[PDB]
Structures are given as structure tokens and as C-alpha cells.
Amino acid sequence: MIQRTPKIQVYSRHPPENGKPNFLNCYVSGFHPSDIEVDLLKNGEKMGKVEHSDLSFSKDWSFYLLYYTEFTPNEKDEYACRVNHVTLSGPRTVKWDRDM
Amino acid sequence: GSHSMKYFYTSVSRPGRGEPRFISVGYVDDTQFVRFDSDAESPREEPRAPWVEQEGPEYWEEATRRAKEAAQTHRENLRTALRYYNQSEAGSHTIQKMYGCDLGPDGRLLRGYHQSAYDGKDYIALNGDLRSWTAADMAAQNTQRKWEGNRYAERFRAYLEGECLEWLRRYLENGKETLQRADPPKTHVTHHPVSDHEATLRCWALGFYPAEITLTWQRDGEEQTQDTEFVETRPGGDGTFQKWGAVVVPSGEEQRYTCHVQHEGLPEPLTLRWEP
Amino acid sequence: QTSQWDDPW
């Protein structure tokens with residue numbers, strides 16, 4: 001049996017403008033099995049109210065999910081996405097980069 | 001242009017933790033509208049789109065019934081698969097099934113879908129003719145003998161060509177405003193430092209629908225594939241999609257690269273350069 | 001709506 005790693009993308013719903021309310025998105029895809037832990041982090045801390053989509057998969061059978069929360073991008077706050085899966089040696093953190 | 005309704009079933013066994021999980025999600029094109037999770041306190045078909053909420057109680061009750069039957073069936077399927085591959089009762093295993101219909105422009109079934117996998121690998125799939133099956137291995141051919149014996153293909157063809165297409169059309173009408181729309185992407189090129197003699201040109205396409213889109217790079221008119229990176233199309237969470245394609249370009253050569261965008265929401269395919 | 005038919009493996 002083969003198990004596949006999660007591709008991780010951290011981005012914002014709308015273009016990031018300081019002071020303006022927005023949505024932080026962590027899209028995880030191409031993994032298997034479906035079990036997976038995903039957390040949105042503000043300054044290394046787990047965010048409060050984080051929603052996620054319903055489990056689904058692509059044509060290559062790999063699963064995908066979107067986690068997202070409300071956030072207001074500013075200057076001092078640091079945002080990231082922490083993902084853990086059976087294919088990983090441990091949780092993987094991907095920082096939110098406004099250029100990607 | 002052409003539309004489709006697809007259902008996705010996922011069944012996950014979990015030895016020593018009770019019954020397997022069974023999720024079913026419904027999609028019209030790139031828009032989810034229904035869910036069913038056996039791991040919910042009170043399992044039942046739920047609306048995930050606004051244009052389906054107005055469906056009568058009969059609809060939701062019957063859908064719930066069908067969902068439950070499917071769940072049980074797949075719970076049996078997992079054990080059967082254990083028997084076919086001669087596997088232990090301790091391991092966790094997965095069965096996935098995607099099935100649906102592509103409503104063509106002629107109003108007829110452009111393509112029918114009914115394919116399933118075991119532990120992430122092809123298991124059995126309905127062929128294009130919608131009369132024959134393709135089994136991935138010798139274990140799936142048991143299931144093939146079974147489905148051929150009961151003329152399952154005929155029944156399912158009956159479903160695809162009829163009820164499936166019809167419900168698809170109804171969904172398309174009730175959600176015309178969000179389903180029958182083509183939103184073009186907002187595009188733009190950004191520059192990023194990489195090396196003392198190299199850089200990155202990132203082409204951005206945001207807030208478009210449907211997801212289908214073509215993002216390419218060209219060097220002085222000739223397609224460019226080397227030193228490129230095209231991330232998987234991602235969701236905005238608001239019913240839109242995003243995508244960017246970057247290229248590593250030697251300093252001073254920026255003006256020679258162009259980005260090309262194709263989307264049904266665009267009257268004419270776009271050509272972009274980095275602008276000051 | 002989902003399909004009425006879902007034959008066992």
C-alpha cells in the first residue's frame with residue numbers, strides 16, 4: 001500500500017491589504033489516506049475559529065481540503081499553516097508569504 | 001459551457017474503532033451542493049449550496065435513505081475487499097467512488113462516469129461505451145463477474161442518461177445565477193529577487209470561475225517550459241479560484257517574457273508583461 | 001440526486 005504526502009498552499013482569499021478584514025486559506029491536496037491534521041497559526045499560536053471544507057478527492061484519487069479563518073493582515077502579526085500526516089516525520093509548517 | 005454533476009464517495013475502515021466512515025459530496029461543475037457524513041451526530045443529506053436549500057422534505061429524506069444504503073453497501077465492500085486481497089482485519093483501508101454525468105451542449109450525455117478505487121489505486125471503472133467494465137486487477141474481476149451477471153451497467157446507464165441528466169438540468173436552473181456564470185480572473189505580474197543574475201516573474205490570476213484555466217509563459221513569442229513553476233489551481237473559499245505561474249529569468253531579460261491566460265470568462269485570451 | 005443503484009463488490 002502506498003501513502004502520499006500533502007501538498008500545502010497558504011494564501012489569502014482577497015489581496016492582502018493591511019487593516020482590511022480577510023480570509024486565511026490553507027489548501028492541502030494530493031495526499032492519502034484522508035486522515036490529516038491542519039491548523040492555522042497566528043504568531044505560532046493555534047487560531048480560534050477555523051473552518052474546513054468537506055472531504056473530497058481528485059481524479060488521481062488523492063484527497064484535498066481547504067481550511068480557512070477570518071484574519072486581519074497587519075504588520076506585526078505572523079501567520080502560518082501547520083500540517084501533520086502519516087507520510088510526514090512530524091508536523092510541517094508553511095509560513096504565509098504575501099508573494100505566493 | 002458543458003456542465004456536469006459528480007458524486008464522490010469515501011469509505012474508510014478503522015479496526016477497533018467501530019464502523020467505517022462514509023462521506024458523500026455532490027458537485028455541479030466546480031461547486032459543492034450536498035454532503036453526507038456517517039460521522040455526524042445525526043447522519044443526513046445536508047445542503048452546502050444556497051440554490052438547493054429550497055428542496056422539499058421528500059428530497060432530503062430520500063437522499064438520506066439512499067446515502068445510508070450506500071454507506072452500508074460500502075461497509076460490506078470493505079470486508080469483501082479484505083477477502084479478495086487476503087488482508088488482515090487490523091489494517092485501515094479506503095474505498096473511493098466517483099460517478100456522474102457530463103451534460104453536453106446537444107443536451108445529451110457527453111460522458112458518463114462510474115469509477116472506484118481501493119487504497120488509492122484503480123479498482124474497477126465503467127468504460128466509455130457504458131456497457132463494459134475495466135478491472136485493474138484479478139480481484140476486481142470478481143466484482144466484474146458480479147456486475148455483468150446482474151446487468152449493473154444497464155441499470156447505471158439508465159440512471160446516467162435519465163435521472164442524472166434531469167436532476168443536473170434542474171440544479172442548473174435553480175442555481176442559474178451562480179452555476180451559469182463565467183467570472184474572468186484579475187491578472188497581474190510580480191517580480192521577485194532570486195540571484196545576483198536571476199529573478200522570478202510570477203503571473204497571477206485571481207477570483208475566476210470555473211476553475212478550468214490555462215496559464216503559460218512565452219519567451220519572445222516562443223512557448224517557454226524550462227525554469228517554470230505552475231502551482232495547482234486553488235480555491236478562494238468564496239466560490240472562486242486562484243492560480244499563478246512563475247518563471248526564472250536572467251536579470252535584464254524581463255521584457256522578453258510574457259504571460260498568457262485563457263479562461264471562458266475572458267472575451268479574448270490575455271497577454272501580460274511586468275509593468276512599472 | 002444520488003443514484004439508486006450501488007452493487008456490492
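In what follows, chains are A, B, ... by sequence order, proteins preceding strands, each numbered from 1. All values below were derived from every heavy atom in this structure, side-chain atoms included, with hydrogens, water molecules and symmetry-related copies excluded.
Between chain C and the residues B:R65, B:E163, B:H74, B:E62, the most heavy-atom pairs under 4.5 angstrom are made by B:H74. The residue among B:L168, B:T80, B:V52, B:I95 with the most heavy atom pairs within less than 4.5 Å of chain C is B:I95.
Residue B:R151 qualifies as open at atom CZ: its count of foreign heavy atoms under 6.0 Å is 12 or below. No more than 12 heavy-atom neighbours from other residues, nucleotides or ligands sit within 6.0 angstrom of CD on B:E212.
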| B:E166 and B:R169: CA distance, side-chain angles, deciding distance, salt bridge (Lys or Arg N to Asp or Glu O under 4.0 Å) verdict | CA-CA 5 Å; B:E166 300 164 355; B:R169 280 187 277 260; 5.5 Å; no
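A salt bridge links B:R44 with B:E46: the closest approach of a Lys/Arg side-chain nitrogen to an acidic carboxylate oxygen falls below 4.0 angstrom. Contact check on B:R66 versus B:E69 returns no salt bridge, with no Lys/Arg side-chain nitrogen under 4.0 Å from an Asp/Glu carboxylate oxygen. By the 4.0 Å N-to-carboxylate-O rule, B:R75 lies close enough to B:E19 to be salt-bridged with it.
The side chain to side chain contact (heavy atoms under 4.5 Å, CB included) search around B:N142 returns B:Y84, B:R145, not counting sequence neighbours. By the side chain to side chain contact (heavy atoms under 4.5 Å, CB included) test, B:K176 is found to be paired with B:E173, B:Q180, residues two or more places apart in sequence or in another chain being considered.
Put simply, the side chain of B:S38 gets close to the backbone of B:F22: a donor and an acceptor are under 3.5 Å apart. Proximity of a side-chain donor or acceptor of B:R21 to a complementary backbone N or O of B:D39 within less than 3.5 Å is not detected.
Below 30°, between 30° and 60°, or above 60°: for B:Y171 and B:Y59 the angle between ring planes is above 60°, a perpendicular geometry.
For a residue to count as touching a neighbouring chain, one of its non-hydrogen atoms must lie under 4.5 Å from one of that chain's; by this rule B:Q144 does not touch chain C. The part of B:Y99 that comes within reach of chain C is its side chain, from C-beta onward, which places non-hydrogen atoms under 4.5 angstrom from that chain. Contact of B:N150 with chain C is made through the side chain alone, with heavy-atom distances under 4.5 Å.
Taking the six-membered ring for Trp and the full ring otherwise, the centers of B:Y152 and B:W133 sit less than 6.0 Å from each other.
Residues of residues 2-13 of chain B that come closer than 4.5 Å to chain C, counting heavy atoms only, are B:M5, B:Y7, B:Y9, ordered by residue number. Taking non-hydrogen atoms and a 4.5 Å limit, the residue list of residues 106-129 of chain B in contact with chain C, ordered by number, reads B:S116, B:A117, B:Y118, B:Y123.
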